[PDB]
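Using ideal geometry, Cβ is built from the backbone for each residue, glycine included, and neighbour counts are taken over all protein chains shown. What follows is calculated from the coordinates using simple rules that are stated; it is not laboratory data.
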Amino acid sequence: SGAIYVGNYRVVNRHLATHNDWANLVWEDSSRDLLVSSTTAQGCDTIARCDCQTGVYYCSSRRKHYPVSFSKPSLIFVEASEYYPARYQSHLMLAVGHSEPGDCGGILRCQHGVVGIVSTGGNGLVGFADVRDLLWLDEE
Ligand SMILES: Cc1ccc(OCC(=O)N2CCOCC2)c(C)c1
Ligand SMILES: [Zn+2]
């Protein structure tokens with residue numbers, strides 16, 4: 001689990017969005033596994049705008065922050081499960097790191113701020129959904 005709280009906005013994995021997220025929907029994309037919803041109180045995170053390929057991500061299934069190198073946002077895919085079983089993936093950055101399905105929502109952070117949240121992974125790969133192209137998150 002996990003969210004980015006940026007202004008009065010909440011960024012979550014689309015597949016973990018709550019009824020309240022859908023009922024207070026700002027924006028969603030199944031091909032990014034991203035969903036953004038409204039908050040009443042302002043949030044304590046800031047968003048990176050950058051092309052950093054180094055950062056640190058939170059891995060709930062090790063209670064550890066790991067420093068990683070990660071790919072630039074691209075089109076990628078997977079192999080059978082049960083909620084989305086395999087799937088492709090627009091704007092998936094990959095790194096070598098331990099990630100299980102429930103590791104989704106952990107933040108990836110570089111020197112410019114929040115980069116993304118854990119979205120996919122497998123066989124010692126962790127995939128992050130980029131939020132760095134989403135400039136509209138900072139204003140309005
Ligand atoms: C962060 C993260 C997200 C998804 C993921 O795998 C779970 C899943 O989607 N499956 C598809 C591939 O086959 C295994 C089951 C993993 C390993 C990590
Ligand atoms: Zn950066």
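Couple of notes before you dig in:
- Full-stretch length increase - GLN42, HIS112 - with 0.36 nm per residue and alpha-carbon distance subtracted: 23.2 nm
- Computed over the range 3-44, the range of Cα coordinates on each principal axis works out to 27, 18, 14 Å, biggest value leading.
- Exposure proxy ranking for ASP45, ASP103, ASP51, based on other Cβ atoms within 10 angstrom of each Cβ and starting from the fewest, stands as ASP51, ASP45, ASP103.
- Residues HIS15 and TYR88, FRET efficiency given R0 of 22 Å [Cβ-Cβ distance, rounded to 0.05]: 0.95
- Computed helical MRE - 222 nm, the chain, DSSP H runs ≥ 4 contributing -39500 (n - 2.57), nearest 500: -500 deg cm²/dmol
- Long-range HN-HN contacts of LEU125 with modeled amide H, under 5 Å: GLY97, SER99
- Computed from the C-beta positions of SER1 and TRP27 and an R0 of 25 Å, the FRET efficiency is 0.80 to the nearest 0.05.
- The range 5-139 - charge dipole about Cα centre, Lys and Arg +1 at Cβ, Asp and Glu -1, debye rounded to 20: 360
- Taken one residue at a time, the phi angles of the range 9-18 give Karplus couplings (6.51, -1.76, 1.60, θ = phi - 60°) of 10, 10, 9, 9, 3, 3, 6, 10, 4, 8 Hz. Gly and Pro are set to x.
- Along the chain, the exposed loop sites are chymotrypsin sites (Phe, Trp or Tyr not before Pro) outside DSSP states H, G, I, E and B with at most 12 other Cβ atoms within 10 Å, and the longest stretch free of them is 1-76.
- Label point at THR54 placed 7 Å out along Cα→Cβ; residues across the range 112-139 whose backbone nitrogen lies under 18 Å: 112-116
- Stokes-Einstein diffusion coefficient of the range 46-129, Kirkwood radius over Cα pairs, 10 °C, 1.306 mPa s, in µm²/s: 126
- 10 Å-binned pair-distance histogram of the chain (Cα, whole percent): 13, 47, 34, 6
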